[PDB]
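So this first bit is one chain, no partners, the form deposited without ligand NBB, shown in structure tokens.
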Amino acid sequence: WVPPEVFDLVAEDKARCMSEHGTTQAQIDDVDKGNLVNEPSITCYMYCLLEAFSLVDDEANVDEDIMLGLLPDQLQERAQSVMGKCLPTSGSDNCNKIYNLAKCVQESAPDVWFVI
């Protein structure tokens, strides 16, 4: 009569991206509180996490409709204004593109930090 096994989607996706890039819990805690650094082990994790959610493609191009789709109706205009300052992405590789995007988001709206 058993209850199902309950899979925490987010924790699965985070887990899989960590083990792929050698990312430590410490590093993801740093990102979770707004501290960014341009180190592949953590920045490729950020690229990986976004990709898992279809927010980016295999080149770290942002899907704007899906990214705006993460946020409530009340924040759409602020997000679009940040997206007009930070997109299209750019950098040396997929990981660096996401570092530069995360840094561009932080300085454009420094008072809030949005995490998955």
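Whichever C-alpha set is largest while still superposing within 1.5 Å between the two forms counts as the rigid core. All residue numbers are counted from 1 along the displayed sequence.
Asker: Hey, after superposing on the core, which one moves around more in 5 other deposited structures of this protein, 104 to 112 or 90 to 98, CA-wise?
Answerer: When 104 to 112 and 90 to 98 are compared in 5 other deposited structures of this protein, the bigger C-alpha shift is seen for 104 to 112.
Asker: Is the larger C-alpha RMS shift in 5 other deposited structures of this protein, relative to this form with the rigid core superposed, found in 24 to 32 or in 42 to 50?
Answerer: When 24 to 32 and 42 to 50 are compared in 5 other deposited structures of this protein, the bigger C-alpha shift is seen for 24 to 32.
Asker: When the C-alpha temperature factors are averaged for each of 83 to 91 and 64 to 72, which stretch ends up with the higher value in the entry?
Answerer: Looking at the recorded C-alpha B-factors, 64 to 72 comes out higher on average.
Asker: Determine, for stretches 96 to 104 and 5 to 13, which one has the higher mean CA B-factor as deposited.
Answerer: Averaging CA B-factors over each stretch, the winner is 5 to 13.
Asker: Relative to the other modelled residues of the same chain, rank the CA B-factor of residue 39 and answer lowest, middle or highest third.
Answerer: Middle third - that is where residue 39 ends up once the chain's C-alpha B-factors are sorted.
Asker: C-alpha B factor of residue 31, ranked within the chain: lowest, middle or highest third?
Answerer: It belongs to the highest third of the chain when residues are ordered by C-alpha B-factor.
The same protein also exists as the form deposited with ligand NBB bound; that form is not shown, yet it is the one meant from here on.
Asker: Quick one: 50, 112 and 116 and ligand NBB in the deposited complex, is every residue within 4.5 Å by at least one heavy atom?
Answerer: Affirmative, all three are within 4.5 Å.
Asker: Residue-level question: is residue 46 within 4.5 Å of ligand NBB in the deposited complex, judged on heavy atoms?
Answerer: Close contact exists here: in the deposited complex, residue 46 approaches ligand NBB to within 4.5 Å, heavy atoms only.
Asker: In the deposited complex, is there a heavy atom of ligand NBB that lies within 4.5 Å of any heavy atom of residue 70, even though the partner is absent here?
Answerer: Within the cut-off, so yes.
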